[PDB]
């Protein structure tokens, strides 16, 4: 198990434009296209991201291309952020993947707002962090995915994904 397989489980794979849990236009492996309600705006972003006239449908290779770019962007967003980098540096390899997962889903600014959870993770207070992480809109809106990520933070194992 690794971060690519983990996010592939959490995000799924769809080759046609769809709406995510929030109603935003998305494609591939959780690649957010736009938060605008216009399908034409989403098709325009898609063509721009892929470099061709797609008409809303991409191939599996194109979906994995965006996926690689998005995982790379998430990791580099963590390392550039003054609040996230110290937490990431303090974590073991499995818990680092859990932090990448969160950044992938809600963005670098959103995760950096979990000020109290991040401090508990840095102090390695795993049970207390898990309780604090669940007191969030994130947990209430996507509870099954949040539980898997929180369990990864709590245990340091991949057991939630087996």
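Positions refer to the first chain, counted from 1.
Stretches 47 to 55 and 61 to 69 differ in mean C-alpha B factor, with the higher average recorded for 47 to 55. Stretches compared: 91 to 99, 107 to 115. Higher mean C-alpha B-factor in the entry: 107 to 115.
Ranked within its chain, residue 155 lands in the highest third, by CA B factor from the PDB record.
Per-chain ranking of the deposited C-alpha B factor places residue 148 in the lowest third. Per the PDB record, residue ranking by Cα B-factor puts residue 140 in the middle third of the chain. Sorting the modelled residues of the chain by their CA temperature factor places residue 32 in the middle third.
Annotation for residue 134: C-alpha temperature factor in the middle third relative to the rest of the modelled chain, per the entry.
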